[PDB]
S.K.: 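Below: one structure in structure tokens.
Note that the numbering runs from 1 along the sequence shown for the chain.
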Amino acid sequence: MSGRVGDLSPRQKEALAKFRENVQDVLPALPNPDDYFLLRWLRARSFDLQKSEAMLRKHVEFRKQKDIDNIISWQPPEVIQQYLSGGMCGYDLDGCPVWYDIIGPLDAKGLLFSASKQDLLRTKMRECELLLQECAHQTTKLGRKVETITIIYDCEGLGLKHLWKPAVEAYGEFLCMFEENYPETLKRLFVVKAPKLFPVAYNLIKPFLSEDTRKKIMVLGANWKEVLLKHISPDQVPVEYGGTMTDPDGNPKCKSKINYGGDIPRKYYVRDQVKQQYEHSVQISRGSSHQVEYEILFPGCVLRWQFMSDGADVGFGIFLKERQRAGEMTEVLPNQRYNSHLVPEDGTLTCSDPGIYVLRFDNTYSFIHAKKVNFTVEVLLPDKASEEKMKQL
Ligand SMILES: CC1=C(C)C(=O)C(CC[C@](C)(O)CCC[C@H](C)CCC[C@H](C)CCCC(C)C)=C(C)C1=O
């Protein structure tokens with residue numbers, strides 16, 4: 001069977017009955033704990049009564065701690081309302097709400113420098129509650145249960161800026177929240193206009209995604225508009241995404257419903273940087289240098305780093321290769337001096353040729369002694385299945 005209302009095996013039927021008894025004591029503090037609702041928790045844990053109960057009880061505690069009953073009435077900070085991209089727009093052919101995610105022009109640095117991480121995550125929880133409320137409205141209007149959503153995930157403009165570690169970590173917090181609190185709610189997700197970086201970028205968040213969620217991700221190729229119109233009526237899709245919908249004023253992007261992000265004006269910043277810790281720490285003597293070595297064997301990889309120096313600037317560059325001088329190696333990112341004592345540095349490098357990469361901190365120009373550099377480096381790998389998907393498409 002399928003474990004859904006109208007299609008339960010004898011054993012799933014019995015488990016649903018037992019489940020309701022087992023969690024009776026939390027059902028009152030839920031808005032609408034019908035059979036559809038309960039079966040989402042049971043499907044998410046394959047009808048394991050004990051695991052499904054832990055999951056739901058954790059969600060009940062979540063709703064209390066995060067004041068979810070009142071979150072739609074909570075108004076997000078102005079900077080977030082103005083610049084957090086994405087939006088609800090249209091319904092698919094089954095009547096499910098469609099949500100657009102717009103990744104390219106999202107300015108995650110600006111957002112984290114202008115608002116609390118807590119307020120950003122609360123805004124995303126609120127989006128989920130708004131989508132569930134829309135499902136409830138569709139349920140009434142269409143005369144049948146609607147409880148899932150279709151996502152259009154627009155990766156046009158996805159680039160190295162989106163790999164910035166604090167942004168990935170924050171997004172991962174949201175994904176975990178989504179997976180723990182909104183099980184069996186995603187129906188299908190279309191990735192559109194994915195660029196070459198998509199396999200690396202996806203691999204960064206893949207660990208936060210449930211198997212159920214992973215299975216619902218469809219990466220689309222050049223014909224993506226035609227694919228969307230297999231699933232959504234043209235008058236429900238913006239002109240921008242292949243349909244006929246516009247803003248009342250005729251704007252093809254339907255900006256009255258979809259936020260397209262943009263860089264946050266610096267007047268909103270409350271900080272210059274987020275709190276950061278580093279995996280490594282070195283004291284570099286006057287006139288000296290420090291090298292850090294990473295083997296990159298596989299095609300498709302990206303080096304990501306962050307560093308800060310204490311009290312003074314430092315030289316930094318990347319070479320391709322035995323304690324070797326810089327001049328003996330091949331330059332891949334030309335050395336330059338950075339003021340990483342003032343604002344911490346972060347960067348990324350696409351590793352087009354395999355070999356041994358050397359990140360070199362350079363103090364050879366300096367009289368200041370015992371310059372302390374703190375740093376973190378990782379080699380980011382592409383997701384293999386995604387690479388293969390790209391290849392064809
Ligand atoms: C608040 C917020 C922040 C701070 C943010 O950085 C991002 C982009 C995260 C990223 C890692 O920079 C870019 C990640 C790109 C990567 C290709 C994402 C792939 C996502 C998958 C297609 C699954 C999505 C899960 C869905 C079911 C919610 C988004 C979308 C935010 O909303």
S.K.: Quick one: does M125's side chain get under 4.5 Å of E129's, heavy atoms only?
M.R.: no
S.K.: How close do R122 and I71 get, counting heavy atoms only, and between which atoms?
M.R.: O-CD1, 3.5 Å
S.K.: Do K389's NZ or CZ and the ring of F198 fall within the cation-pi criteria of under 6.0 Å and 45°?
M.R.: no
S.K.: Hey, can you tell me if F174 and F178 have their rings parallel, tilted or perpendicular (30° and 60° cut-offs)?
M.R.: tilted
S.K.: Taking all atoms of both residues into account, what is the closest heavy-atom pair of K257 and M88, and its distance?
M.R.: CB-O, 3.6 Å
S.K.: Closer than 4.0 angstrom, basic N to acidic O: yes or no for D313 and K371?
M.R.: yes
S.K.: To the nearest 0.5 Å, tell me how far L189 CG sits from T150 OG1.
M.R.: 9.0 Å
S.K.: Between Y278 and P344, which heavy-atom pair has the shortest distance, and what is it?
M.R.: OH-CB, 3.7 Å
S.K.: Flag the pair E184 and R4 as a salt bridge only when some basic side-chain nitrogen lies within less than 4.0 angstrom of an acidic carboxylate oxygen.
M.R.: yes
S.K.: Answer yes or no: is there a donor N or O on one side and an acceptor on the other, between the side chain of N339 and the main chain of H341, under 3.5 Å?
M.R.: no
S.K.: In the structure I gave you, are the side-chain heavy atoms of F375 and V282 within less than 4.5 Å of one another anywhere?
M.R.: yes
S.K.: Find out whether the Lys NZ or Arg CZ of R337 is both under 6.0 angstrom from the six-membered ring centre of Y365 and within 45° of the ring's axis.
M.R.: yes
S.K.: If you link ILVMFWY side chains whenever their heavy atoms are less than 4.5 Å apart, which other residues fall into the same cluster as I356? By chain and number, please.
M.R.: none
S.K.: Flag the pair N181 / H59 as yes when at least one side-chain heavy-atom distance between them is below 4.5 Å, and no otherwise.
M.R.: yes
S.K.: Excluding sequence neighbours, so at least two apart, what forms ring pair (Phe, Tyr, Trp, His ring centres under 6.0 Å) with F37?
M.R.: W41
S.K.: I'd like to know if the side chain of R45 reaches the main chain of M55, judged simply by a donor and an acceptor atom lying under 3.5 Å from each other, with no hydrogens or angles considered.
M.R.: no
S.K.: Quick one: are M308 and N374 in side-chain contact, heavy atoms under 4.5 Å?
M.R.: yes
S.K.: Just by distance, no angles: are the side chains of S289 and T364 close enough, under 3.5 Å, to form a donor-acceptor pair?
M.R.: no
S.K.: Okay, side chain of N363, backbone of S285: is any donor-acceptor separation there less than 3.5 Å?
M.R.: yes
S.K.: Among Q276, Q306, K109, which one satisfies side chain to side chain donor-acceptor pair (under 3.5 Å) with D346?
M.R.: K109
S.K.: Other than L297, which residues form its hydrophobic cluster under the rule that side-chain heavy atoms must be closer than 4.5 Å?
M.R.: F298
S.K.: Counting the benzene-type ring for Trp, do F361 and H290 have ring centres under 6.0 Å apart?
M.R.: no
S.K.: So that I can tick it off, tell me whether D94 and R188 are bridged by a salt bridge, with the cut-off set at under 4.0 angstrom between side-chain N and carboxylate O.
M.R.: no
S.K.: Examine distances only and state if a side-chain atom of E345 and a backbone atom of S340 form a donor-acceptor pair shorter than 3.5 Å.
M.R.: no
S.K.: Closer than 3.5 angstrom, by distance alone: can the side chain of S288 be matched with the main-chain N or O of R286 as a donor-acceptor pair?
M.R.: no
S.K.: Look at the side chain of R360 and the backbone N and O of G315, then say whether any donor-acceptor pair between them is shorter than 3.5 Å.
M.R.: no
S.K.: Heavy atoms only: give me the nearest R63-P31 pair and the separation to one decimal.
M.R.: NH2-CG, 3.5 Å
S.K.: Going by side chain to side chain donor-acceptor pair (under 3.5 Å), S256 matches just one of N251, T246, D249, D247. Which one?
M.R.: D247
S.K.: Verify, without hydrogens or angle tests, whether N335 (side chain) and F316 (backbone) share a donor-acceptor contact under 3.5 angstrom.
M.R.: yes
S.K.: Distance-only, no hydrogens or angles: does the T139 side chain make a donor-acceptor pair with backbone N or O of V146 under 3.5 Å?
M.R.: yes
S.K.: Say whether, by atom type as modelled, one donor and one acceptor occur between the side chain of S85 and the main chain of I102 under 3.5 angstrom.
M.R.: yes
S.K.: Let me check something: do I103 and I205 share a hydrophobic cluster, defined by ILVMFWY side-chain heavy atoms less than 4.5 Å apart, either directly or through other members?
M.R.: yes
S.K.: Which pair of heavy atoms, one from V191 and one from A194, lies closest together, and at what distance?
M.R.: CG1-CB, 3.9 Å
S.K.: Report the hydrophobic cluster partners of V358, with the cluster defined as I, L, V, M, F, W, Y residues connected by side-chain heavy atoms closer than 4.5 angstrom, directly or transitively.
M.R.: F319, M329
S.K.: For a 4.5 angstrom cut-off between non-hydrogen side-chain atoms, does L204 reach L380?
M.R.: yes
S.K.: Taking C-beta and beyond as the side chain, do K187 and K216 meet within less than 4.5 Å on heavy atoms?
M.R.: no
S.K.: Checking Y269 now: which residues fulfil ring pair (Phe, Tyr, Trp, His ring centres under 6.0 Å) with it, not counting sequence neighbours?
M.R.: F113
S.K.: Do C254 and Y241 have side-chain heavy atoms sitting under 4.5 Å apart?
M.R.: no
S.K.: As an exercise, state the distance from CD of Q118 to OG1 of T123, rounded to the nearest 0.5 Å.
M.R.: 10.5 Å
S.K.: Report whether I152 and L106 are members of the same hydrophobic cluster (ILVMFWY, side-chain heavy atoms less than 4.5 Å apart, transitive linking).
M.R.: no
S.K.: Look at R214 together with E211 and state whether they make a salt bridge at an N to O cut-off of under 4.0 Å.
M.R.: no
S.K.: Answer whether the closest heavy-atom distance between the side chains of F62 and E180 falls below 4.5 Å.
M.R.: no
S.K.: Does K161 come within less than 4.0 Å of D107, counting only side-chain N to carboxylate O?
M.R.: no
S.K.: Kindly confirm or rule out a cation-pi arrangement of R126 over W74, judged by NZ or CZ under 6.0 Å from the six-membered ring centre and within 45° of its axis?
M.R.: no
S.K.: Enumerate, atom names and distances included, each donor-acceptor pair closer than 3.5 Å involving a side-chain atom of residues 219-234, sequence neighbours excluded.
M.R.:
residue, atom, partner, partner atom, Å
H231, ND1, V227, O, 2.9
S233, OG, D235, OD1, 2.7

S.K.: Do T376 side-chain atoms and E279 backbone N/O form a donor-acceptor pair below 3.5 Å?
M.R.: yes
S.K.: Taking all non-hydrogen atoms of both residues, which atom of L131 and which atom of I149 are closest, and how far apart?
M.R.: CD1-CD1, 4.0 Å
S.K.: Checking side chain to side chain contact (heavy atoms under 4.5 Å, CB included) against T348, which of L160, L303, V200, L197 comes through?
M.R.: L160
